[PDB]
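Participant: Here you go, this is data36.cif (mmCIF, N, CA and C atoms; chains and numbers go by the auth columns).
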data_run
loop_
_atom_site.group_PDB
_atom_site.id
_atom_site.type_symbol
_atom_site.label_atom_id
_atom_site.label_comp_id
_atom_site.label_asym_id
_atom_site.label_seq_id
_atom_site.Cartn_x
_atom_site.Cartn_y
_atom_site.Cartn_z
_atom_site.B_iso_or_equiv
_atom_site.auth_seq_id
_atom_site.auth_asym_id
ATOM 1 N N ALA A 1 46.954 30.726 16.107 0.00 1 C
ATOM 2 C CA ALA A 1 47.259 31.487 17.315 0.00 1 C
ATOM 3 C C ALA A 1 47.365 30.583 18.541 0.00 1 C
ATOM 4 N N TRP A 2 46.503 29.560 18.617 0.00 2 C
ATOM 5 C CA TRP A 2 46.569 28.567 19.690 0.00 2 C
ATOM 6 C C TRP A 2 47.821 27.705 19.585 0.00 2 C
ATOM 7 N N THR A 3 48.250 27.426 18.349 0.00 3 C
ATOM 8 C CA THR A 3 49.462 26.659 18.080 0.00 3 C
ATOM 9 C C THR A 3 50.716 27.420 18.502 0.00 3 C
ATOM 10 N N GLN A 4 50.753 28.724 18.225 0.00 4 C
ATOM 11 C CA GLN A 4 51.934 29.509 18.575 0.00 4 C
ATOM 12 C C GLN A 4 51.970 29.864 20.060 0.00 4 C
ATOM 13 N N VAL A 5 50.802 30.062 20.685 0.00 5 C
ATOM 14 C CA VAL A 5 50.763 30.398 22.111 0.00 5 C
ATOM 15 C C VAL A 5 51.008 29.139 22.953 0.00 5 C
ATOM 16 N N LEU A 6 50.691 27.962 22.379 0.00 6 C
ATOM 17 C CA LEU A 6 50.921 26.664 23.027 0.00 6 C
ATOM 18 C C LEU A 6 52.409 26.351 23.183 0.00 6 C
ATOM 19 N N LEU A 7 53.212 26.765 22.219 0.00 7 C
ATOM 20 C CA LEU A 7 54.652 26.567 22.341 0.00 7 C
ATOM 21 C C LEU A 7 55.365 27.682 23.086 0.00 7 C
ATOM 22 N N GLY A 8 54.714 28.506 23.899 0.00 8 C
ATOM 23 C CA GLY A 8 55.394 29.574 24.602 0.00 8 C
ATOM 24 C C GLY A 8 55.452 30.847 23.781 0.00 8 C
ATOM 25 N N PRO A 9 43.387 39.175 15.351 0.00 9 C
ATOM 26 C CA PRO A 9 42.697 38.344 14.358 0.00 9 C
ATOM 27 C C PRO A 9 42.727 36.861 14.717 0.00 9 C
ATOM 28 N N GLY A 10 43.777 36.434 15.411 0.00 10 C
ATOM 29 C CA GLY A 10 43.819 35.107 15.974 0.00 10 C
ATOM 30 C C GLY A 10 43.189 35.000 17.337 0.00 10 C
ATOM 31 N N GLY A 11 42.754 36.121 17.904 0.00 11 C
ATOM 32 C CA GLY A 11 42.198 36.101 19.227 0.00 11 C
ATOM 33 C C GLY A 11 43.291 36.012 20.277 0.00 11 C
ATOM 34 N N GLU A 12 42.880 35.581 21.466 0.00 12 C
ATOM 35 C CA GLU A 12 43.762 35.484 22.627 0.00 12 C
ATOM 36 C C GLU A 12 43.592 34.105 23.252 0.00 12 C
ATOM 37 N N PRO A 13 44.440 33.136 22.885 0.00 13 C
ATOM 38 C CA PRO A 13 44.318 31.795 23.470 0.00 13 C
ATOM 39 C C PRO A 13 44.894 31.731 24.873 0.00 13 C
ATOM 40 N N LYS A 14 44.128 31.130 25.776 0.00 14 C
ATOM 41 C CA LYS A 14 44.533 30.959 27.164 0.00 14 C
ATOM 42 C C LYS A 14 44.828 29.486 27.381 0.00 14 C
ATOM 43 N N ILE A 15 46.109 29.143 27.407 0.00 15 C
ATOM 44 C CA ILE A 15 46.554 27.754 27.477 0.00 15 C
ATOM 45 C C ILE A 15 47.193 27.579 28.852 0.00 15 C
ATOM 46 N N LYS A 16 46.486 26.886 29.739 0.00 16 C
ATOM 47 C CA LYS A 16 46.769 26.950 31.160 0.00 16 C
ATOM 48 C C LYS A 16 47.818 25.921 31.558 0.00 16 C
ATOM 49 N N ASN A 17 48.423 26.171 32.713 0.00 17 C
ATOM 50 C CA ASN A 17 49.448 25.302 33.263 0.00 17 C
ATOM 51 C C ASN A 17 48.820 24.038 33.828 0.00 17 C
ATOM 52 N N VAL A 18 49.415 22.897 33.508 0.00 18 C
ATOM 53 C CA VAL A 18 48.913 21.605 33.952 0.00 18 C
ATOM 54 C C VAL A 18 49.843 21.136 35.062 0.00 18 C
ATOM 55 N N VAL A 19 49.285 20.931 36.251 0.00 19 C
ATOM 56 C CA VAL A 19 50.061 20.744 37.473 0.00 19 C
ATOM 57 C C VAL A 19 50.246 19.253 37.716 0.00 19 C
ATOM 58 N N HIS A 20 51.499 18.816 37.833 0.00 20 C
ATOM 59 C CA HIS A 20 51.812 17.411 38.052 0.00 20 C
ATOM 60 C C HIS A 20 52.783 17.259 39.211 0.00 20 C
ATOM 61 N N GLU A 21 52.479 16.330 40.112 0.00 21 C
ATOM 62 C CA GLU A 21 53.347 15.999 41.233 0.00 21 C
ATOM 63 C C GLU A 21 53.848 14.568 41.082 0.00 21 C
ATOM 64 N N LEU A 22 55.164 14.408 41.005 0.00 22 C
ATOM 65 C CA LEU A 22 55.762 13.080 41.036 0.00 22 C
ATOM 66 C C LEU A 22 55.696 12.562 42.464 0.00 22 C
ATOM 67 N N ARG A 23 55.411 11.278 42.622 0.00 23 C
ATOM 68 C CA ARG A 23 54.749 10.830 43.829 0.00 23 C
ATOM 69 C C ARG A 23 55.251 9.473 44.304 0.00 23 C
ATOM 70 N N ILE A 24 55.554 9.391 45.599 0.00 24 C
ATOM 71 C CA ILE A 24 55.838 8.126 46.272 0.00 24 C
ATOM 72 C C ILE A 24 54.642 7.807 47.146 0.00 24 C
ATOM 73 N N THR A 25 54.015 6.663 46.901 0.00 25 C
ATOM 74 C CA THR A 25 53.131 6.043 47.874 0.00 25 C
ATOM 75 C C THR A 25 53.532 4.582 48.006 0.00 25 C
ATOM 76 N N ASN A 26 54.040 4.232 49.206 0.00 26 C
ATOM 77 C CA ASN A 26 54.528 2.896 49.611 0.00 26 C
ATOM 78 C C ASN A 26 55.642 2.385 48.697 0.00 26 C
ATOM 79 N N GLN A 27 56.734 3.171 48.641 0.00 27 C
ATOM 80 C CA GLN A 27 57.997 2.912 47.912 0.00 27 C
ATOM 81 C C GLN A 27 57.814 2.771 46.400 0.00 27 C
ATOM 82 N N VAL A 28 56.773 3.382 45.840 0.00 28 C
ATOM 83 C CA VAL A 28 56.495 3.304 44.413 0.00 28 C
ATOM 84 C C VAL A 28 56.549 4.717 43.857 0.00 28 C
ATOM 85 N N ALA B 1 45.328 -8.012 61.799 0.00 1 S
ATOM 86 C CA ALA B 1 46.031 -6.828 62.297 0.00 1 S
ATOM 87 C C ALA B 1 46.749 -7.096 63.620 0.00 1 S
ATOM 88 N N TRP B 2 46.142 -7.919 64.493 0.00 2 S
ATOM 89 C CA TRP B 2 46.803 -8.342 65.734 0.00 2 S
ATOM 90 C C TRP B 2 47.997 -9.233 65.448 0.00 2 S
ATOM 91 N N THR B 3 47.862 -10.094 64.430 0.00 3 S
ATOM 92 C CA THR B 3 48.951 -10.942 63.952 0.00 3 S
ATOM 93 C C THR B 3 50.097 -10.117 63.368 0.00 3 S
ATOM 94 N N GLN B 4 49.767 -8.997 62.719 0.00 4 S
ATOM 95 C CA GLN B 4 50.798 -8.118 62.178 0.00 4 S
ATOM 96 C C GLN B 4 51.513 -7.319 63.270 0.00 4 S
ATOM 97 N N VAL B 5 50.797 -6.920 64.326 0.00 5 S
ATOM 98 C CA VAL B 5 51.435 -6.120 65.379 0.00 5 S
ATOM 99 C C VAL B 5 52.213 -7.022 66.356 0.00 5 S
ATOM 100 N N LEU B 6 51.828 -8.311 66.446 0.00 6 S
ATOM 101 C CA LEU B 6 52.565 -9.282 67.267 0.00 6 S
ATOM 102 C C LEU B 6 53.937 -9.614 66.675 0.00 6 S
ATOM 103 N N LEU B 7 54.041 -9.636 65.347 0.00 7 S
ATOM 104 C CA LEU B 7 55.314 -9.870 64.669 0.00 7 S
ATOM 105 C C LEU B 7 56.284 -8.685 64.739 0.00 7 S
ATOM 106 N N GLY B 8 55.846 -7.509 65.180 0.00 8 S
ATOM 107 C CA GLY B 8 56.773 -6.422 65.439 0.00 8 S
ATOM 108 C C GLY B 8 57.165 -5.666 64.193 0.00 8 S
ATOM 109 N N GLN B 9 56.220 -5.468 63.282 0.00 9 S
ATOM 110 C CA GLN B 9 56.500 -4.725 62.067 0.00 9 S
ATOM 111 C C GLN B 9 56.502 -3.225 62.351 0.00 9 S
ATOM 112 N N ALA B 10 57.564 -2.555 61.903 0.00 10 S
ATOM 113 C CA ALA B 10 57.734 -1.122 62.117 0.00 10 S
ATOM 114 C C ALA B 10 57.090 -0.287 61.022 0.00 10 S
ATOM 115 N N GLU B 11 57.111 -0.802 59.785 0.00 11 S
ATOM 116 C CA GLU B 11 56.412 -0.315 58.585 0.00 11 S
ATOM 117 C C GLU B 11 56.852 1.100 58.189 0.00 11 S
ATOM 118 N N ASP B 12 58.167 1.315 58.288 0.00 12 S
ATOM 119 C CA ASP B 12 58.831 2.350 57.504 0.00 12 S
ATOM 120 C C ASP B 12 59.591 1.708 56.348 0.00 12 S
ATOM 121 N N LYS B 13 59.339 0.420 56.097 0.00 13 S
ATOM 122 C CA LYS B 13 59.795 -0.261 54.895 0.00 13 S
ATOM 123 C C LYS B 13 58.838 -0.075 53.729 0.00 13 S
ATOM 124 N N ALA B 14 57.658 0.480 53.975 0.00 14 S
ATOM 125 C CA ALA B 14 56.854 1.134 52.955 0.00 14 S
ATOM 126 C C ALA B 14 56.757 2.602 53.351 0.00 14 S
ATOM 127 N N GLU B 15 57.656 3.409 52.779 0.00 15 S
ATOM 128 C CA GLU B 15 57.974 4.749 53.263 0.00 15 S
ATOM 129 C C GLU B 15 56.847 5.744 53.024 0.00 15 S
ATOM 130 N N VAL B 16 56.795 6.759 53.891 0.00 16 S
ATOM 131 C CA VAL B 16 55.578 7.464 54.285 0.00 16 S
ATOM 132 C C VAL B 16 55.081 8.390 53.170 0.00 16 S
ATOM 133 N N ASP B 17 53.760 8.521 53.060 0.00 17 S
ATOM 134 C CA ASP B 17 53.137 9.316 52.017 0.00 17 S
ATOM 135 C C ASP B 17 53.288 10.796 52.335 0.00 17 S
ATOM 136 N N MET B 18 53.862 11.550 51.392 0.00 18 S
ATOM 137 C CA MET B 18 54.142 12.964 51.637 0.00 18 S
ATOM 138 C C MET B 18 52.876 13.815 51.600 0.00 18 S
ATOM 139 N N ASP B 19 52.006 13.570 50.632 0.00 19 S
ATOM 140 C CA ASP B 19 50.759 14.298 50.491 0.00 19 S
ATOM 141 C C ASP B 19 49.633 13.382 50.975 0.00 19 S
ATOM 142 N N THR B 20 48.376 13.764 50.747 0.00 20 S
ATOM 143 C CA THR B 20 47.237 13.031 51.283 0.00 20 S
ATOM 144 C C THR B 20 46.474 12.221 50.231 0.00 20 S
ATOM 145 N N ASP B 21 47.115 11.886 49.112 0.00 21 S
ATOM 146 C CA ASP B 21 46.522 10.931 48.184 0.00 21 S
ATOM 147 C C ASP B 21 46.705 9.540 48.771 0.00 21 S
ATOM 148 N N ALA B 22 45.724 9.108 49.592 0.00 22 S
ATOM 149 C CA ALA B 22 45.699 7.946 50.484 0.00 22 S
ATOM 150 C C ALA B 22 46.922 7.894 51.399 0.00 22 S
ATOM 151 N N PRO B 23 46.982 8.731 52.470 0.00 23 S
ATOM 152 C CA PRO B 23 48.137 8.709 53.379 0.00 23 S
ATOM 153 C C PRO B 23 48.002 7.725 54.536 0.00 23 S
ATOM 154 N N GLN B 24 47.129 6.722 54.366 0.00 24 S
ATOM 155 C CA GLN B 24 46.761 5.627 55.262 0.00 24 S
ATOM 156 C C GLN B 24 46.054 6.110 56.519 0.00 24 S
ATOM 157 N N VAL B 25 45.297 7.204 56.440 0.00 25 S
ATOM 158 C CA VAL B 25 44.302 7.463 57.474 0.00 25 S
ATOM 159 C C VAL B 25 42.968 6.846 57.050 0.00 25 S
ATOM 160 N N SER B 26 42.514 5.873 57.836 0.00 26 S
ATOM 161 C CA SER B 26 41.318 5.087 57.569 0.00 26 S
ATOM 162 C C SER B 26 40.851 4.460 58.870 0.00 26 S
ATOM 163 N N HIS B 27 39.540 4.293 58.980 0.00 27 S
ATOM 164 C CA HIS B 27 38.942 3.442 60.000 0.00 27 S
ATOM 165 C C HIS B 27 38.941 2.044 59.409 0.00 27 S
ATOM 166 N N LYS B 28 40.018 1.314 59.697 0.00 28 S
ATOM 167 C CA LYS B 28 40.417 0.165 58.903 0.00 28 S
ATOM 168 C C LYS B 28 39.549 -1.053 59.215 0.00 28 S
ATOM 169 N N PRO B 29 39.450 -2.002 58.274 0.00 29 S
ATOM 170 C CA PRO B 29 38.972 -3.343 58.633 0.00 29 S
ATOM 171 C C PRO B 29 39.858 -4.057 59.637 0.00 29 S
ATOM 172 N N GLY B 30 41.172 -3.847 59.594 0.00 30 S
ATOM 173 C CA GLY B 30 42.011 -4.360 60.656 0.00 30 S
ATOM 174 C C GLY B 30 41.932 -3.581 61.946 0.00 30 S
ATOM 175 N N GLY B 31 41.703 -2.283 61.862 0.00 31 S
ATOM 176 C CA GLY B 31 41.829 -1.465 63.033 0.00 31 S
ATOM 177 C C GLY B 31 43.292 -1.189 63.341 0.00 31 S
ATOM 178 N N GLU B 32 43.499 -0.630 64.528 0.00 32 S
ATOM 179 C CA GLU B 32 44.836 -0.281 65.009 0.00 32 S
ATOM 180 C C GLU B 32 45.076 -0.934 66.364 0.00 32 S
ATOM 181 N N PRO B 33 45.611 -2.156 66.383 0.00 33 S
ATOM 182 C CA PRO B 33 46.051 -2.731 67.655 0.00 33 S
ATOM 183 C C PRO B 33 47.409 -2.194 68.079 0.00 33 S
ATOM 184 N N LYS B 34 47.516 -1.938 69.381 0.00 34 S
ATOM 185 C CA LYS B 34 48.789 -1.600 70.012 0.00 34 S
ATOM 186 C C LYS B 34 48.980 -2.590 71.155 0.00 34 S
ATOM 187 N N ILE B 35 49.753 -3.637 70.894 0.00 35 S
ATOM 188 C CA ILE B 35 49.968 -4.713 71.852 0.00 35 S
ATOM 189 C C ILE B 35 50.958 -4.232 72.904 0.00 35 S
ATOM 190 N N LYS B 36 50.618 -4.478 74.176 0.00 36 S
ATOM 191 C CA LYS B 36 51.434 -4.102 75.325 0.00 36 S
ATOM 192 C C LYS B 36 52.779 -4.816 75.332 0.00 36 S
ATOM 193 N N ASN B 37 53.813 -4.075 75.722 0.00 37 S
ATOM 194 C CA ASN B 37 55.157 -4.623 75.850 0.00 37 S
ATOM 195 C C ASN B 37 55.306 -5.199 77.253 0.00 37 S
ATOM 196 N N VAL B 38 54.796 -6.408 77.412 0.00 38 S
ATOM 197 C CA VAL B 38 54.689 -7.063 78.705 0.00 38 S
ATOM 198 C C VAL B 38 56.038 -7.659 79.073 0.00 38 S
ATOM 199 N N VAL B 39 56.503 -7.323 80.271 0.00 39 S
ATOM 200 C CA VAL B 39 57.838 -7.662 80.730 0.00 39 S
ATOM 201 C C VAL B 39 57.759 -8.850 81.677 0.00 39 S
ATOM 202 N N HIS B 40 58.524 -9.895 81.376 0.00 40 S
ATOM 203 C CA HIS B 40 58.639 -11.059 82.244 0.00 40 S
ATOM 204 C C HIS B 40 60.050 -11.114 82.800 0.00 40 S
ATOM 205 N N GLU B 41 60.166 -11.314 84.104 0.00 41 S
ATOM 206 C CA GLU B 41 61.382 -10.954 84.812 0.00 41 S
ATOM 207 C C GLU B 41 62.127 -12.177 85.331 0.00 41 S
ATOM 208 N N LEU B 42 63.387 -12.303 84.920 0.00 42 S
ATOM 209 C CA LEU B 42 64.303 -13.304 85.448 0.00 42 S
ATOM 210 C C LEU B 42 65.068 -12.756 86.645 0.00 42 S
ATOM 211 N N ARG B 43 64.984 -13.461 87.776 0.00 43 S
ATOM 212 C CA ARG B 43 65.612 -13.054 89.030 0.00 43 S
ATOM 213 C C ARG B 43 66.298 -14.241 89.684 0.00 43 S
ATOM 214 N N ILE B 44 66.742 -14.021 90.922 0.00 44 S
ATOM 215 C CA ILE B 44 67.241 -15.075 91.801 0.00 44 S
ATOM 216 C C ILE B 44 66.570 -14.910 93.159 0.00 44 S
ATOM 217 N N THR B 45 65.904 -15.967 93.620 0.00 45 S
ATOM 218 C CA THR B 45 65.500 -16.112 95.008 0.00 45 S
ATOM 219 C C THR B 45 65.810 -17.534 95.450 0.00 45 S
ATOM 220 N N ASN B 46 66.561 -17.644 96.562 0.00 46 S
ATOM 221 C CA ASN B 46 67.035 -18.889 97.200 0.00 46 S
ATOM 222 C C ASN B 46 67.841 -19.769 96.241 0.00 46 S
ATOM 223 N N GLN B 47 68.824 -19.129 95.582 0.00 47 S
ATOM 224 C CA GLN B 47 69.767 -19.681 94.595 0.00 47 S
ATOM 225 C C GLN B 47 69.076 -20.335 93.404 0.00 47 S
ATOM 226 N N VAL B 48 67.934 -19.806 92.980 0.00 48 S
ATOM 227 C CA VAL B 48 67.180 -20.350 91.858 0.00 48 S
ATOM 228 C C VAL B 48 67.029 -19.231 90.841 0.00 48 S
#
Rewrite the structure from the file as structure tokens, please.

Facilitator:
Amino acid sequence: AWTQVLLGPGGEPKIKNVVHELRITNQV
Amino acid sequence: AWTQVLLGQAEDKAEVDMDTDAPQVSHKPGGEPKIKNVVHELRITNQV
């Protein structure tokens, strides 16, 4: 259930959003 | 830091931090010098 809910009786898996910011600090 | 401000560095050649993951606000070891733009004047008095 975690495997199928991860790709978009087994319970309810809560697979949370991971927040990422692409980032410039000093031209990098 | 005084040596860096005397050379006239503008420092938008390291372009500005959008968020606050070290946006260069610090009580620095260099500090923040602002050197005066002192004007020396060329003129003429008595044909000199």

Participant: Could you tell me which residues the PyMOL selection byres ((chain S and name CA) within 8 of (chain C and name CA)) grabs in this file, written as a ChimeraX atom specification?

Facilitator: /S:13-18,23

Participant: So how far away is atom N of residue 41 (chain S) from atom N of residue 1 (chain S), in Å?

Facilitator: 27.0 Å

Participant: For region 36-41 of chain S, take all atoms listed in the file, fit an axis-aligned box around them, add 3 Å to each of the six sides, then output centre and edge lengths in Å rounded to one decimal, as JSON.

Facilitator:
{"center_x": 56.4, "center_y": -8.1, "center_z": 79.8, "size_x": 17.5, "size_y": 14.1, "size_z": 17.2}

Participant: Where does DSSP see helix (DSSP H, G or I) in chain C, if you list the residues as a PDB file with N, CA and C atoms, in the frame of the given file?

Facilitator:
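Result file out08.pdb:
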ATOM      1  N   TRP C   2      46.503  29.560  18.617  1.00  0.00           N
ATOM      2  CA  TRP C   2      46.569  28.567  19.690  1.00  0.00           C
ATOM      3  C   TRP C   2      47.821  27.705  19.585  1.00  0.00           C
ATOM      4  N   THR C   3      48.250  27.426  18.349  1.00  0.00           N
ATOM      5  CA  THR C   3      49.462  26.659  18.080  1.00  0.00           C
ATOM      6  C   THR C   3      50.716  27.420  18.502  1.00  0.00           C
ATOM      7  N   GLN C   4      50.753  28.724  18.225  1.00  0.00           N
ATOM      8  CA  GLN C   4      51.934  29.509  18.575  1.00  0.00           C
ATOM      9  C   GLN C   4      51.970  29.864  20.060  1.00  0.00           C
ATOM     10  N   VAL C   5      50.802  30.062  20.685  1.00  0.00           N
ATOM     11  CA  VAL C   5      50.763  30.398  22.111  1.00  0.00           C
ATOM     12  C   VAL C   5      51.008  29.139  22.953  1.00  0.00           C
ATOM     13  N   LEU C   6      50.691  27.962  22.379  1.00  0.00           N
ATOM     14  CA  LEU C   6      50.921  26.664  23.027  1.00  0.00           C
ATOM     15  C   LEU C   6      52.409  26.351  23.183  1.00  0.00           C
TER      16      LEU C   6
END

Participant: What does the distance from atom C of residue 11 (chain S) to CA of residue 40 (chain S) come to in Å, to one decimal?

Facilitator: 27.0 Å

Participant: Generate the coordinates of N, CA, C and O atoms for region 4-27 of chain S; report them as a PDB file, keeping the file's coordinate frame.

Facilitator:
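After the write, out37.pdb holds the following:
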ATOM      1  N   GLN S   4      49.767  -8.997  62.719  1.00  0.00           N
ATOM      2  CA  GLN S   4      50.798  -8.118  62.178  1.00  0.00           C
ATOM      3  C   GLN S   4      51.513  -7.319  63.270  1.00  0.00           C
ATOM      4  O   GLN S   4      52.720  -7.080  63.173  1.00  0.00           O
ATOM      5  N   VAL S   5      50.797  -6.920  64.326  1.00  0.00           N
ATOM      6  CA  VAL S   5      51.435  -6.120  65.379  1.00  0.00           C
ATOM      7  C   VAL S   5      52.213  -7.022  66.356  1.00  0.00           C
ATOM      8  O   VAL S   5      53.222  -6.600  66.947  1.00  0.00           O
ATOM      9  N   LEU S   6      51.828  -8.311  66.446  1.00  0.00           N
ATOM     10  CA  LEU S   6      52.565  -9.282  67.267  1.00  0.00           C
ATOM     11  C   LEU S   6      53.937  -9.614  66.675  1.00  0.00           C
ATOM     12  O   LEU S   6      54.929  -9.727  67.410  1.00  0.00           O
ATOM     13  N   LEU S   7      54.041  -9.636  65.347  1.00  0.00           N
ATOM     14  CA  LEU S   7      55.314  -9.870  64.669  1.00  0.00           C
ATOM     15  C   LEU S   7      56.284  -8.685  64.739  1.00  0.00           C
ATOM     16  O   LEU S   7      57.455  -8.855  64.387  1.00  0.00           O
ATOM     17  N   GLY S   8      55.846  -7.509  65.180  1.00  0.00           N
ATOM     18  CA  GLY S   8      56.773  -6.422  65.439  1.00  0.00           C
ATOM     19  C   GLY S   8      57.165  -5.666  64.193  1.00  0.00           C
ATOM     20  O   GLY S   8      58.328  -5.270  64.046  1.00  0.00           O
ATOM     21  N   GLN S   9      56.220  -5.468  63.282  1.00  0.00           N
ATOM     22  CA  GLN S   9      56.500  -4.725  62.067  1.00  0.00           C
ATOM     23  C   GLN S   9      56.502  -3.225  62.351  1.00  0.00           C
ATOM     24  O   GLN S   9      55.576  -2.678  62.953  1.00  0.00           O
ATOM     25  N   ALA S  10      57.564  -2.555  61.903  1.00  0.00           N
ATOM     26  CA  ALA S  10      57.734  -1.122  62.117  1.00  0.00           C
ATOM     27  C   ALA S  10      57.090  -0.287  61.022  1.00  0.00           C
ATOM     28  O   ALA S  10      56.607   0.818  61.305  1.00  0.00           O
ATOM     29  N   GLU S  11      57.111  -0.802  59.785  1.00  0.00           N
ATOM     30  CA  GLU S  11      56.412  -0.315  58.585  1.00  0.00           C
ATOM     31  C   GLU S  11      56.852   1.100  58.189  1.00  0.00           C
ATOM     32  O   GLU S  11      56.053   1.964  57.826  1.00  0.00           O
ATOM     33  N   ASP S  12      58.167   1.315  58.288  1.00  0.00           N
ATOM     34  CA  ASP S  12      58.831   2.350  57.504  1.00  0.00           C
ATOM     35  C   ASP S  12      59.591   1.708  56.348  1.00  0.00           C
ATOM     36  O   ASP S  12      60.413   2.363  55.702  1.00  0.00           O
ATOM     37  N   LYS S  13      59.339   0.420  56.097  1.00  0.00           N
ATOM     38  CA  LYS S  13      59.795  -0.261  54.895  1.00  0.00           C
ATOM     39  C   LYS S  13      58.838  -0.075  53.729  1.00  0.00           C
ATOM     40  O   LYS S  13      59.149  -0.505  52.618  1.00  0.00           O
ATOM     41  N   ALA S  14      57.658   0.480  53.975  1.00  0.00           N
ATOM     42  CA  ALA S  14      56.854   1.134  52.955  1.00  0.00           C
ATOM     43  C   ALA S  14      56.757   2.602  53.351  1.00  0.00           C
ATOM     44  O   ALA S  14      55.924   2.984  54.179  1.00  0.00           O
ATOM     45  N   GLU S  15      57.656   3.409  52.779  1.00  0.00           N
ATOM     46  CA  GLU S  15      57.974   4.749  53.263  1.00  0.00           C
ATOM     47  C   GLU S  15      56.847   5.744  53.024  1.00  0.00           C
ATOM     48  O   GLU S  15      56.050   5.589  52.092  1.00  0.00           O
ATOM     49  N   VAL S  16      56.795   6.759  53.891  1.00  0.00           N
ATOM     50  CA  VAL S  16      55.578   7.464  54.285  1.00  0.00           C
ATOM     51  C   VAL S  16      55.081   8.390  53.170  1.00  0.00           C
ATOM     52  O   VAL S  16      55.868   8.905  52.364  1.00  0.00           O
ATOM     53  N   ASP S  17      53.760   8.521  53.060  1.00  0.00           N
ATOM     54  CA  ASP S  17      53.137   9.316  52.017  1.00  0.00           C
ATOM     55  C   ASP S  17      53.288  10.796  52.335  1.00  0.00           C
ATOM     56  O   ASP S  17      52.909  11.242  53.422  1.00  0.00           O
ATOM     57  N   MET S  18      53.862  11.550  51.392  1.00  0.00           N
ATOM     58  CA  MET S  18      54.142  12.964  51.637  1.00  0.00           C
ATOM     59  C   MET S  18      52.876  13.815  51.600  1.00  0.00           C
ATOM     60  O   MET S  18      52.676  14.680  52.458  1.00  0.00           O
ATOM     61  N   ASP S  19      52.006  13.570  50.632  1.00  0.00           N
ATOM     62  CA  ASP S  19      50.759  14.298  50.491  1.00  0.00           C
ATOM     63  C   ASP S  19      49.633  13.382  50.975  1.00  0.00           C
ATOM     64  O   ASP S  19      49.894  12.322  51.550  1.00  0.00           O
ATOM     65  N   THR S  20      48.376  13.764  50.747  1.00  0.00           N
ATOM     66  CA  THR S  20      47.237  13.031  51.283  1.00  0.00           C
ATOM     67  C   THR S  20      46.474  12.221  50.231  1.00  0.00           C
ATOM     68  O   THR S  20      45.313  11.852  50.456  1.00  0.00           O
ATOM     69  N   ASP S  21      47.115  11.886  49.112  1.00  0.00           N
ATOM     70  CA  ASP S  21      46.522  10.931  48.184  1.00  0.00           C
ATOM     71  C   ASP S  21      46.705   9.540  48.771  1.00  0.00           C
ATOM     72  O   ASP S  21      47.714   8.882  48.492  1.00  0.00           O
ATOM     73  N   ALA S  22      45.724   9.108  49.592  1.00  0.00           N
ATOM     74  CA  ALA S  22      45.699   7.946  50.484  1.00  0.00           C
ATOM     75  C   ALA S  22      46.922   7.894  51.399  1.00  0.00           C
ATOM     76  O   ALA S  22      47.831   7.088  51.168  1.00  0.00           O
ATOM     77  N   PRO S  23      46.982   8.731  52.470  1.00  0.00           N
ATOM     78  CA  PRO S  23      48.137   8.709  53.379  1.00  0.00           C
ATOM     79  C   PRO S  23      48.002   7.725  54.536  1.00  0.00           C
ATOM     80  O   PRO S  23      48.610   7.945  55.591  1.00  0.00           O
ATOM     81  N   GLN S  24      47.129   6.722  54.366  1.00  0.00           N
ATOM     82  CA  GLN S  24      46.761   5.627  55.262  1.00  0.00           C
ATOM     83  C   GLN S  24      46.054   6.110  56.519  1.00  0.00           C
ATOM     84  O   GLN S  24      46.190   5.479  57.575  1.00  0.00           O
ATOM     85  N   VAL S  25      45.297   7.204  56.440  1.00  0.00           N
ATOM     86  CA  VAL S  25      44.302   7.463  57.474  1.00  0.00           C
ATOM     87  C   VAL S  25      42.968   6.846  57.050  1.00  0.00           C
ATOM     88  O   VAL S  25      42.401   7.160  55.993  1.00  0.00           O
ATOM     89  N   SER S  26      42.514   5.873  57.836  1.00  0.00           N
ATOM     90  CA  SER S  26      41.318   5.087  57.569  1.00  0.00           C
ATOM     91  C   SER S  26      40.851   4.460  58.870  1.00  0.00           C
ATOM     92  O   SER S  26      41.657   4.157  59.754  1.00  0.00           O
ATOM     93  N   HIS S  27      39.540   4.293  58.980  1.00  0.00           N
ATOM     94  CA  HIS S  27      38.942   3.442  60.000  1.00  0.00           C
ATOM     95  C   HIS S  27      38.941   2.044  59.409  1.00  0.00           C
ATOM     96  O   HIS S  27      38.008   1.643  58.711  1.00  0.00           O
TER      97      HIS S  27
END
